Amino acid sequence: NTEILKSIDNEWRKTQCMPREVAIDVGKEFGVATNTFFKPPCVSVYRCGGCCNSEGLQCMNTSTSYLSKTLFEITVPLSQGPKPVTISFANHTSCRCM
Amino acid sequence: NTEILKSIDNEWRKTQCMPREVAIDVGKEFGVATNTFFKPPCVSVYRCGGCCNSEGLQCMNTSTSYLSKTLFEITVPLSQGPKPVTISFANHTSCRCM
Amino acid sequence: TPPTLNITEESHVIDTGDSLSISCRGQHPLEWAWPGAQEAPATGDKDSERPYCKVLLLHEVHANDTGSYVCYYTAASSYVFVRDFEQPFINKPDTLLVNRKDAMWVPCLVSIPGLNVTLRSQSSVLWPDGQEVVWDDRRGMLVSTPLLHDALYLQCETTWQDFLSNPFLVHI
Amino acid sequence: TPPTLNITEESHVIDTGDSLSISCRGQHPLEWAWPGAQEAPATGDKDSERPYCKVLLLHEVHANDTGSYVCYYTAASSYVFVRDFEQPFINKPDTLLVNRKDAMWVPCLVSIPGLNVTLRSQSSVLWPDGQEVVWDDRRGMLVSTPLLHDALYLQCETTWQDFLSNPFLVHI
Ligand SMILES: *[C@@H]1O[C@H](CO)[C@@H](O[C@@H]2O[C@H](CO)[C@@H](O)[C@H](O)[C@H]2NC(C)=O)[C@H](O)[C@H]1NC(C)=O
Ligand SMILES: *[C@@H]1O[C@H](CO)[C@@H](O[C@@H]2O[C@H](CO)[C@@H](O)[C@H](O)[C@H]2NC(C)=O)[C@H](O)[C@H]1NC(C)=O
Ligand SMILES: *[C@@H]1O[C@H](CO)[C@@H](O)[C@H](O)[C@H]1NC(C)=O
Ligand SMILES: *[C@@H]1O[C@H](CO)[C@@H](O)[C@H](O)[C@H]1NC(C)=O
Ligand SMILES: *[C@@H]1O[C@H](CO)[C@@H](O)[C@H](O)[C@H]1NC(C)=O
Ligand SMILES: *[C@@H]1O[C@H](CO)[C@@H](O)[C@H](O)[C@H]1NC(C)=O
Ligand SMILES: *[C@@H]1O[C@H](CO)[C@@H](O)[C@H](O)[C@H]1NC(C)=O
Ligand SMILES: *[C@@H]1O[C@H](CO)[C@@H](O)[C@H](O)[C@H]1NC(C)=O
Ligand SMILES: *[C@@H]1O[C@H](CO)[C@@H](O)[C@H](O)[C@H]1NC(C)=O
Ligand SMILES: *[C@@H]1O[C@H](CO)[C@@H](O)[C@H](O)[C@H]1NC(C)=O
């Protein structure tokens, strides 16, 4: 009754659409050659995510910041060593079911 | 150099495989009839997730707890009203790339 | 052709636990349409006076008896509000759906004709001023569909010691 | 058939900035295989004594000169450790791969023959005791592949004011 509607509403609140820290696979994020390793392979950024209460509505970003991160890229064969690369990743700052 | 390896290592640490709060769509989680609405449609639980440094290795649970949650289920047509249902959801407590 | 009641008003203010008895008398054999049953004696007493009469009476009247009362043989309608203190609010409960037609009405029925009352939910509170969203004592509040789509459940909030009805919401 | 040096030892302890000069003398015309260049005069001086002689000399010797020294015409090998204080550690740097063969060796070369030294990374520190994982002054430490698969990078840690080499790791 009371307490159950309370908790249920809390579950809704807790499960609502919003930006969340996720691990993005860099290679898969820019779609590079199948001969590259990234180190680290993934980066933690915030992206819009969660569940909408309709199906035809999908959680999308309405505003995005950009984060500079630096990591290393190994190519094959080992012609050269790991080179430093600077990359900008999306950091979603607001979301809406659209 | 120093500070960059430092941060990169921090990115790795931050992006490592572990249990994370996610929103699970209940209907899609048990695969019910395409004529049911769940309220709320989704629940927040922790599931093993993140990125492995190999491809053939995939993040899986090595131990799972179970959480009782109660919510409402609407059927169609509106023959009866929303009925209370108790459901157990997996709460992953440890993970390994397997 | 149209019949008439013993009380020519479209809105009667009654208190709970008060005995109510009205005579609908007009021409043909008549029959009341008072919502439900029971504990209320239904006796069709003729009177002549220039018409056939029919009286409706009820001794025990509380909240679950407030509603509309029609005496159809050109029908004759009259609404009656029965004021209660314990349960001023009547829910569905848990019955609410909607179709995209810009018209979404909430069925949260009010015991008292004049109240300052607001509808609240998970998505803040929704104040009625009359242009986009409008309150109506007759049954509840009226809201446009695509704006309330954002909310998942709804519950009417009052100003008294507070009382909250609780229907839900499913969009189409 | 096999030649011989002016110093019959498989391991020489030298300090940095110290001038080093050894005579490999044995039979046929010979040639040293000292790692790289330069600032070290290469002169093949005969001596007879019962063989043709060849001397290798070097005035400025630091860390980037420590290594193995062979005089092949049945070869004649001798390793020389040149102790430095500023840069006791030599990295690849950033060169490390592996194939599944249970043998994964780390190339972090040590200036000093006897050290207590441990390899650390993101996944704690890895202590060498000799059965599963084993340390070797000649070049570095030996670890089985499927256990180090868990780690992403590696860096040798010492006990002195600390020094950390830094290769990486990519599995196959
Ligand atoms: C990256 O996105 C996150 C969003 O999760 C930002 O963190 C905060 O997000 C909340 C949303 O609830 C905002 O109200 C805050 O203003 C954000 N910053 C903080 C910590 O106060 C984060 O700022 C974003 N990073 C950037 C600057 O790109
Ligand atoms: C559901 O899973 C989470 C895991 O995210 C549990 O929360 C804590 O997880 C950490 C892992 O870093 C453990 O060390 C803690 O012991 C866990 N509990 C806390 C808050 O101390 C959570 O306990 C799980 N819920 C249950 C009991 O099923
Ligand atoms: C999210 O929306 C903003 C709106 O300006 C846009 O700039 C950004 O590129 C979007 N994020 C995506 C699709 O990567
Ligand atoms: C995860 O692993 C545990 C091991 O006991 C198992 O009981 C549990 O069912 C697994 N979780 C899944 C696959 O839902
Ligand atoms: C008839 O109606 C009047 C109000 O107009 C009411 O006061 C009276 O009690 C009614 N008579 C009965 C009980 O039939
Ligand atoms: C209203 O309806 C129910 C029907 O069983 C009844 O039990 C309840 O007592 C009624 N409310 C009153 C008279 O206060
Ligand atoms: C209800 O609110 C309105 C707002 O204008 C106010 O005028 C009225 O006096 C209020 N009713 C009360 C508190 O009696
Ligand atoms: C020959 O070797 C000895 C060590 O056995 C060394 O002390 C000496 O300097 C060398 N002679 C030279 C410089 O040719
Ligand atoms: C070792 O090698 C590099 C090669 O350019 C040289 O510049 C450096 O000074 C050397 N280290 C010494 C002699 O301390
Ligand atoms: C290095 O560690 C070993 C551990 O047994 C110890 O015996 C030895 O004395 C240490 N070397 C030092 C501190 O001189």
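Cβ: placed from backbone, ideal geometry, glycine included. Neighbour counts: every protein chain shown. Bear in mind these aren't lab numbers, they're just calculated from the coordinates by the rules spelled out.
Within region D:1-26, the set of residues being within 20 Å of residue D:51 (Cα to Cα), outside any strand (DSSP E or B) and touching a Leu at 6+ places or on another chain (Cβ under 8 Å) comprises D:3 only. Any residue at all in region A:14-37 that is within 25 Å of residue C:124 (Cβ to Cβ) and in contact with a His (Cβ under 8 Å, 6 or more places away or on another chain)? Within region A:14-37, one or more residues are within 25 Å of residue C:124 (Cβ to Cβ) and in contact with a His (Cβ under 8 Å, 6 or more places away or on another chain). Residues that are part of a strand (DSSP E or B) and surrounded by 11 or more Cβ atoms within 10 Å (Cβ to Cβ) were ranked within region B:79-88; the one that is nearest to the chain's Cα centre (by Cα) is B:87.
Is there a residue being closer than 30 Å to residue C:154 by Cα and facing chain A (nearest Cβ under 9 Å) anywhere in region B:4-22?
yes
Condition check for residue D:96 on (1) within 14 Å of chain A (Cβ to nearest Cβ); (2) in a strand (DSSP E or B); (3) not charged (D, E, K, R): one failure, at (2). Does region D:42-82 hold any residues that are closer than 18 Å to residue D:27 by Cα, crowded, with 17+ Cβ neighbours inside 10 Å and among the hydroxyl-bearing types (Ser, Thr, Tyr), and which are they? The answer is D:52, and nothing else. Cβ-Cβ contacts under 9 Å between residues 6 or more apart (or on different chains), taken from a first residue in region A:50-67 that is within 18 Å of residue C:171 (Cβ to Cβ) to a second residue that is of a type in the set (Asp, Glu), are listed as A:51/B:25; A:53/C:150. Hey, among the residues in region A:62-78 that are farther than 19 Å from residue A:26 by Cβ and in a strand (DSSP E or B), which one's nearest to the other protein chains (Cβ to nearest Cβ)? Of everything passing the filter in region A:62-78, A:62 is nearest to the other protein chains (Cβ to nearest Cβ).
You will find that of B:81, B:49, the residue that is closer than 27 Å to residue B:12 by Cβ and more than 16 Å from ligand 7 (Cβ to nearest atom) is B:49 and no other.
Looking only at residues in region D:136-167 that are aromatic (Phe, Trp, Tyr) and part of a loop (DSSP other than H, G, I, E, B), the one that is nearest to the other protein chains (Cβ to nearest Cβ) is D:163. The conditions of being within 14 Å of chain B (Cβ to nearest Cβ) and exposed (fewer than 14 other Cβ atoms within 10 Å of the Cβ) are not met by residue C:116.
Are any residues in region A:20-69 of a type in the set (S, T, N, Q), buried (at least 20 other Cβ atoms within 10 Å of the Cβ) and within 12 Å of the chain's Cα centre (by Cα), and if so, which ones? Across region A:20-69, the qualifying residue is only A:44.
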